[PDB]
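We begin with a single chain expressed as structure tokens, specifically the form deposited in one PDB entry.
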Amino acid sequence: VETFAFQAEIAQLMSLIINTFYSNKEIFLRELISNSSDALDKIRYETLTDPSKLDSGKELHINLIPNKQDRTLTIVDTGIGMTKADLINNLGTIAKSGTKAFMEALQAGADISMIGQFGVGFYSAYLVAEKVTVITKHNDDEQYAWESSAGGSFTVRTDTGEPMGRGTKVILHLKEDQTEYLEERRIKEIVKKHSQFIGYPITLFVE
């Protein structure tokens, strides 16, 4: 297990997400599904010129898996995935510059729900999660698990035993008071409200 420090601006963005009073928490799901869609577009685009990019899985989809017993909500996609280097470099985002633009925007009237416009929507997972695990497999690398309970650091390790083939899985270990996000009717409402036109099938698993 390797332990990394978040760059200062990311640590500050995370602290802001965790500590700012902001009721409209549900937007985290739209931001994660939007990230899954972008990654799925990327593998789709690569496959248009190289069909073999799909040998690791032809199906392009997003699954939402709540688990009341573990208190987790997991989002799985069969997108391009990330290499170990992408994971370390802020989950493939331009987080340092994005965070600055997000800050400047906040001071100009913007609210937390606009996070995705600054390329750092991933971090909105911390509105509802005490811990986030990102398991990912890209065609050019092995399967890795990134993890962070915030606090200024994240870990990266090799992941084994449940190979995914290709894609990203985001496991949200929910805060005690945010279990509404495990409820079928609540998830469906949020998907319908914010993710109605996503170009990939979104399957909500039942328990």
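Each residue number is its position in the shown sequence, starting from 1.
Remark: stretch with higher mean C-alpha B factor among 162 to 170 and 36 to 44 is 162 to 170. In this entry, the higher average B-factor at the C-alpha atoms falls on 101 to 109, of the pair 133 to 141 and 101 to 109.
Out of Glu176, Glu31, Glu26, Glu147, it is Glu176 whose C-alpha atom has the highest B-factor in the PDB entry.
In the deposited entry, the Cα temperature factor of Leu16 sits in the top third of values across the chain's modelled residues. Annotation for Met114: CA B-factor lies in the highest third of the chain's modelled residues. Ranked by Cα temperature factor within the chain, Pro51 sits in the highest third according to the deposited record. Placement of the Cα temperature factor of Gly152 within the chain: lowest third of the modelled residues, per the deposited record.
Among all modelled residues in this chain, the alpha-carbon of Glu9 has a temperature factor (C-alpha) in the middle third.
Another form exists, deposited with a small molecule bound; not displayed. Remarks below refer to it.
In the bound PDB entry, the small molecule sits beyond 4.5 Å of every heavy atom of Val1.
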